[PDB]
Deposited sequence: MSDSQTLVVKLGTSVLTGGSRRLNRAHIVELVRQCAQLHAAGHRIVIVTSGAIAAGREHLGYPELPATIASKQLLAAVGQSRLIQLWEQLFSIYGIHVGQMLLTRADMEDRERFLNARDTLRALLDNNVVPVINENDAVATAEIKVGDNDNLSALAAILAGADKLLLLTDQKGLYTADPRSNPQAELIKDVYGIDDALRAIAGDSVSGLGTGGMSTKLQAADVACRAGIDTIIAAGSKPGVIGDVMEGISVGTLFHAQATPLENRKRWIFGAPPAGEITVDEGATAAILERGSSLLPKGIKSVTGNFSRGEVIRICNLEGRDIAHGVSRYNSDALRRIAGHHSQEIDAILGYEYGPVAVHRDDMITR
């Protein structure tokens, strides 16, 4: 009976479409979560609003149009944001815990497992995790970049049964991607209006509300779900045949099919695979250092030993360490 639900609240949900966090709207969504919590369910919050909270608290100041500006606002806003969640949940006797992360914290199976553990330890002790991107401390390069996608990753981390993406009803687009990442990991996804009375309870019960996305009948293997989180450390461009081999046959990537290789990356790191078109067709763990791949690109499997002076098997990226599409 007990279930794990991730609720994602983006900025216009939190502000009610104004330039200020709306505590009336938020406390009403907290009340709904509390009700499910009191009933034995596990609740995870993914929250936006750090920058809006900061802008408000500093009195809307003139700032250089720079990333430093946004990060300074998030440093201030995130302080205020977590307070707001803490105070509001405390009305209902519920404790919260702050987690701030980026793709960097999922560049490994190990760092992914670490984040998973923290989050499950929170839920196991009846604390609600309040998750957001670590905006104050991050380069654009390591960020998830939108909270829709982040909440899917959080759903995976939490071993969630459902993901609820609240809307204030491009914005639709990240939501569809999130629904896709989540469903493939075996998690039901619902897009629904934050302003709909009893929305969160309805979703939890199974009452048709918002837009339903069924979890994949047979989900992507648990052991490789962490690859969804990793930021690709470089990109590999690949054959017409290799492309087909990966998308149709679900096969591994042979260096025979590699056309080019961009970036510096090591064996063990996750990289992006592109077709000649330029489209991202897969992410997967590299078996070879990047200087070694440029070297064995185009050559058959039996040749690797002799080109490099060593081998780490015949495959550039193994299907078991790969996520297509």
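Unmodelled regions of the deposited sequence, numbered from residue 1: 1 to 2, 172 to 211.
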